[PDB]
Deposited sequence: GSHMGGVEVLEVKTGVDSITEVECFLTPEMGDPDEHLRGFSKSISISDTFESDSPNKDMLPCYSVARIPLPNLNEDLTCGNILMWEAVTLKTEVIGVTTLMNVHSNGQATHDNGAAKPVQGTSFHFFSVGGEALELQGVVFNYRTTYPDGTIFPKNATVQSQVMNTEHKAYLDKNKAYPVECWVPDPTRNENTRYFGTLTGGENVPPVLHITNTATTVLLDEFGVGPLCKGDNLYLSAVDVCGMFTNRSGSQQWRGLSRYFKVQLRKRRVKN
C-alpha cells in the first residue's frame, strides 16, 4: 500500500488511553502481581519451570473508531503505575540485617513496551534448550541446541495474554516494520529499581519517513512487560513482582492506496 496524505479537521484525530496489568504468574487468589516462589532444578537437563513461576508478555488489542483510511499512531505517553508500592518494607520480608527493615524489591528487571498496528512479532530464544516449558504456555517448539543462540523456526505473534513467557521470547528484529518497540533488561540479584514518572514526556512513533504504525482492521496493539525485580520473603524464597503500565496514544487518519 502507498501511504498518502493525512486527513485534517476536528474529526480526524482520536486517542486511546488504558493500562495493561502485569502477568507474573499469580500463584493464588491473594498474589496478583507476583510469581510463584522460584525453585532451582537439580540438574541443567531437568529444568522444568511451573507456569505460575513464569512472567509472561502482556498484550491488549484496542478497537478504534470504525473507518481507504487507517488510523496512524503518532505519539505515546507511558508510565509504570504504582512505583511507590516498592517502599513497603514491612510486609514479612527478610530483614537486611538484625533489627533492620525488609529487603526491598530488587534484582533482575525487564521493562518493555510496544505500540503497533498489528500483533508484536516474536522470535524464540532459550537459555537452555532442554528446559521443559509448561502446559498452558506458548513456547519455542522443537527446540534444538541451536535454539540457545538463534533458530529461525521459532516465530510467533503476541496474540494471547498470560501465555508467552518473557524468558523464551523477544521482539523479532527481522520483522515488526509496523510496530515500535522499546526494552531494557537489567540483570543481577542486587540491582536497584530506578523508576521515573512524569506526565510531561512524549515518545514520537513516526519512522524516518514520517509514518507511524498503521492500524490494520481499526485495531491498536499495545504490549508490555514490567518485571520490577524480586521480592524476598522472610524465609529467603523469592517471587517476581510486576506493575501495570499506562499507555496514552494519539492517532490520526491517514489515506493509503
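Peer 1: What are the unmodelled segments when the structure is compared with the full deposited sequence, in sequence order?
Peer 2: Gaps vs deposited seq, in order: 1-6, 74-81, 272.
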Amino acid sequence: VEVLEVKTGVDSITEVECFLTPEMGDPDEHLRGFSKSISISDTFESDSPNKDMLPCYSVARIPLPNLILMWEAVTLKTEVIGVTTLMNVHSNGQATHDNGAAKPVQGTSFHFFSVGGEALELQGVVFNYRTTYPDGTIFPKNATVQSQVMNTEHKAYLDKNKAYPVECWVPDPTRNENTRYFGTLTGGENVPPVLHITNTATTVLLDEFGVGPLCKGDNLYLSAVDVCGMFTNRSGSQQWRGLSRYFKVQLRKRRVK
From here on, numbers count along this sequence of modelled residues.
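Basically, rigid core = biggest C-alpha set you can superpose within 1.5 Å across the two forms.
Peer 1: Rigid core superposed, root mean square over structures and residues, which stretch has C-alphas farther from this form in 5 other deposited structures of this protein, 36-44 or 206-214?
Peer 2: Evaluated in 5 other deposited structures of this protein, the stretch farther from the shown form is 36-44.
Peer 1: On average, which has the higher Cα B-factor in the deposited entry, 144-152 or 163-171?
Peer 2: Result: 144-152.
Peer 1: Mean C-alpha B factor from the entry: is it higher for 90-98 or for 77-85?
Peer 2: The stretch with the larger mean CA B-factor is 90-98.
Peer 1: Which one of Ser35, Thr198, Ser223, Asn50 shows the biggest C-alpha B-factor in the PDB entry?
Peer 2: The record points to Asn50.
Peer 1: Which one of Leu67, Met230, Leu54, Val59 shows the biggest C-alpha B-factor in the PDB entry?
Peer 2: In the PDB entry, the greatest C-alpha B-factor among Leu67, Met230, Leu54, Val59 is found at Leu67.
Peer 1: Once the chain's modelled residues are ordered by C-alpha B factor and cut into thirds, is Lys103 in the lowest, middle or highest one?
Peer 2: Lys103: CA B-factor falls in the highest third of its chain.
Peer 1: Test of reading the entry: by CA B factor among the chain's modelled residues, which third contains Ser12?
Peer 2: For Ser12, whose C-alpha B-factor we compare with every modelled residue in the chain, the answer is the highest third.
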